[PDB]
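Q:
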Ligand SMILES: C=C1CC[C@@H](O[C@H]2C[C@@](O)([C@H](C)NC(=O)c3[nH]c(C)c(Cl)c3Cl)[C@H](O)[C@@H](C)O2)[C@@H]2C=C[C@H](C)[C@H](C(=O)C3=C(O)[C@H](C(C)C)N([C@@H]4O[C@@H](C)[C@@H](OC(N)=O)[C@@H](OC(C)=O)[C@H]4OC)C3=O)[C@@H]12
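Numbering (PDB author numbering), first residue to last: 18 to 103, 118 to 309, 311 to 338, 343 to 400.
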């Protein structure tokens, strides 16, 4: 009954039926809690790997609606049983691929509980039972053995990497990952008050840093932007791009917008402090040498287009504008540092030119 289509072709919805597909089920539920925190409701997400094979995902958000949907069915049943109701395949796909799923909604001092079993078949109605001092939703589900053949066991380190990433992107979000399994009991907490500023320092661990993380945010078009960067004394570039708390591994327009404004502001500043003469412009390449940067954007549903590579042409204009508006003032106020970063980029340009001449001489 709709969920049976998900059960016959799971790959078409979660990619695979291996560790990757198993862990994506966890991410679908985590995302709903993340969305809620974005909207200003809640600040805590608890992920618990249970002894029985299940996984619990709890938040302190508003809690799911308890009432009858536009249709004649309880909203909880609509969410978990109606395909793609509300990647974003929905809680209903998690239910379809679960042996059992339990919902717990904390609303106005009361706990509302609903159970699902086998293909995502309601094994109870929404029952009001228990008193509470908190607001939020808790989803516990045990993956189906027949679906995730030899792949139902949750991996702590896989989840930790993704949960730490979510905490870095949403400052003041506290994520706790708990493993209760015998012989594997562990706990980690991810809470970064300085957000993507803390992400940059993390990516630069084990490398010497040239200055403290430079951060700047703003809004251009309908896109919110967060940019953090810090140079190391090494030569590699490490540009991490994110769209709506989710990584875009192949970059896109938001990444292009950051890179173009960075080259433009650096060149303009270099000529202003007379390091470059009337003498060619520094390439992006020279400027980005040893640069670790995090580009995090928030785009409305209407504007979005592509995933892994953003296509939203307006996001180029958005990042370009925030960087071009904020970076000149950073460089002007950090006079000695910025003069040093200009010289550094000139030396990278000179090194590259000498590599080019040696290559040409070896050819001719
Ligand atoms: C079913 C519901 C009731 C819940 C509501 O979501 C909550 C979610 C919310 O509780 C919050 C984010 N949740 C949590 O905190 C949370 N925490 C945890 C641990 C979990 Cl899990 C959650 Cl959740 C939030 O606080 C409030 C504001 O919204 C949903 C959000 C948006 C819609 C208005 C949606 C709805 O009423 C829909 C419908 O009436 C129809 C269906 C039921 C007839 N529908 C459609 O459902 C299919 C046919 C689609 O199909 C696809 N995509 O293939 C479309 O259909 C189409 C044609 O696009 C989709 O239409 C847009 C809907 O999505 C809503």
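Where is the CB? At the ideal position from N, CA and C, for every residue including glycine.
Tell me whether residue 374 is buried or exposed, calling it buried when 16 or more other Cβ atoms sit within 10 Å of its Cβ.
A: Here residue 374 corresponds to residue number 338 of the chain shown, with the count starting at 1. That one is buried.
Q: Helix, strand or coil, according to DSSP, for residue 126 in the structure here?
A: Position 95 of the chain shown, counting from 1, holds the residue named residue 126. DSSP places residue 126 in helix when its eight states are reduced to three.
Q: Roughly how many angstroms lie between the CA atoms of residue 18 and residue 42, to the nearest whole one?
A: Counting from one through the chain shown, the residue named residue 18 turns up at place 1. Counting from one through the chain shown, the residue named residue 42 turns up at place 25. Their backbone Cα atoms lie some 20 Å apart in a straight line.
Q: Tell me whether residue 310 is buried or exposed, calling it buried when 16 or more other Cβ atoms sit within 10 Å of its Cβ.
A: Because residue 310 lies between 309 and 311, and the chain jumps straight from the first to the second, it has no atoms in this structure.
Q: Could you pull the start and end residues of the alpha helix (DSSP H) that residue 317 belongs to?
A: In the chain shown, counting from the first residue as 1, residue 317 sits at position 285. Looking at the DSSP string, the run of the alpha helix (DSSP H) that includes residue 317 is 316 to 319.
Q: Return the Cβ separation of residue 204 and residue 219 in integer angstroms, given the expectation that the two are a contact with Cβ distance under 8 Å.
A: On the chain shown, residue 204 is found 173 positions in, with the first residue counted as 1. On the chain shown, residue 219 is found 188 positions in, with the first residue counted as 1. The Cβ separation is near 14 Å, so there is no contact.
Q: Please report how far the alpha carbon of residue 197 lies from the alpha carbon of residue 305, in whole angstroms.
A: Here the question's residue 197 lines up with position 166 in the chain shown. Here the question's residue 305 lines up with position 274 in the chain shown. Each residue's Cα considered, the two are about 42 Å apart.
Q: So does residue 82 have its beta carbon nearer than 7 Å to some heavy atom of ligand 1?
A: Residue mapping note: residue 82 aligns to position 65 of the chain shown, counting from 1. Yes, ligand 1 has a heavy atom inside 7 Å of this Cβ.
Q: With burial defined as no fewer than 16 other Cβ atoms inside 10 Å of the residue's Cβ, what is the status of residue 243: buried or exposed?
A: One-based indexing of the chain shown puts residue 243 at position 212. With fewer than 16 other Cβ atoms within 10 Å, it is exposed.
Q: If contacts are defined as beta-carbon pairs under 8 Å, then residue 13 and residue 170 qualify, I think. What distance do you get, rounded to the angstrom?
A: It is not possible to answer for residue 13, since the shown part of the chain is limited to 18 through 400.
Q: Which residue comes first and which comes last in the alpha helix (DSSP H) that contains residue 42?
A: If you number the chain shown from 1, residue 42 lands on position 25. Residues 36 to 55.
Q: Nearest CA to the CA of residue 300: which residue from 184, 48 and 368?
A: Taking the chain shown and counting its residues from 1, one reaches residue 300 at position 269. That would be 368, whose Cα lies nearest to the Cα of residue 300.
Q: Between the Cα of residue 182 and the Cα atoms of 351, 230 and 38, which residue gives the shortest distance?
A: Against the chain shown, residue 182 aligns to sequence position 151. Residue 38 is the option with its Cα nearest to residue 182.
Q: Between residue 258 and residue 286, which are expected to be in contact by the criterion C-beta below 8 Å, what is the C-beta distance as a whole number of angstroms?
A: Sequence index remark: in the chain shown, residue 258 carries index 227 (1-based). Sequence index remark: in the chain shown, residue 286 carries index 255 (1-based). 11 Å between Cβ atoms; not a contact.
Q: Are three or more beta carbon pairs between the segment 22 to 34 and the segment 118 to 133 nearer than 8 Å?
A: As far as the Cβ criterion goes, the segment 22 to 34 touches the segment 118 to 133, which means the pair count is three or higher.
Q: Quick check: what's the CA-CA separation for residue 31 versus residue 152?
A: Reading the chain shown from its first residue, position 14 is the one you call residue 31. Reading the chain shown from its first residue, position 121 is the one you call residue 152. Near 20 Å, if we compare the C-alpha coordinates of residue 152 and residue 31.
Q: Would you mind giving the Cβ-Cβ distance between residue 292 and residue 360, rounded to the nearest angstrom? I have them listed as a contact below 8 Å.
A: By one-based count along the chain shown, residue 292 stands at place 261. By one-based count along the chain shown, residue 360 stands at place 324. Sure, about 4 Å apart at Cβ, within 8 Å.
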